[PDB]
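Asker: experimental structure below, sequence on top.
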Amino acid sequence: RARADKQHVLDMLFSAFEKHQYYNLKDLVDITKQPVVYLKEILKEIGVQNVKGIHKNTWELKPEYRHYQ
């Protein structure tokens, strides 16, 4: 089903995370005009969230169990 985008979308995340350890939702959509709700679900399973000074929305691929490399 939409898992094709999932595997292909992770490649885009690694490229984006390759330039910086943190990325907000707005930055991720510019890299992929795919529905955020779809991106958030992928980030929800392996991603993480962090609020900072001005509640900066950031996300990080949780590497705790990425057997895939």
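Answerer: That came through fine. Residues are numbered from 1 along each chain as shown.
Asker: list the contacts of the residue nearest the centre of the chain.
Answerer: With distances taken as C-alpha atoms, centre = their mean, residue 43 lies nearest the centre of the chain, 4.8 Å away. Counting by C-beta atoms under 8 Å, 6 or more residues apart in numbering, residue 43 makes contact with 28, 49, 59, 61. From N, CA and C alone the C-beta is placed, and that goes for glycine too.
Asker: redo that, cut-off 6 Å
Answerer: Going by C-beta atoms under 6 Å, 6 or more residues apart in numbering, residue 43 touches residue 59.
Asker: what comes up buried for the helix or strand harbouring it?
Answerer: If you go by DSSP states H and E, residue 43 is part of helix 36-46. Along helix 36-46, these residues count as buried under the neighbour rule (16 or more other C-beta atoms under 10 Å): 39, 42, 43, 46.
Asker: now those residues in JSON lines, with distance to residue 68?
Answerer: Shown next, in JSON lines, are the buried residues of helix 36-46 (distance: C-beta to C-beta, whole Å):
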{"residue": "39", "distance to residue 68": "18"}
{"residue": "42", "distance to residue 68": "13"}
{"residue": "43", "distance to residue 68": "16"}
{"residue": "46", "distance to residue 68": "10"}
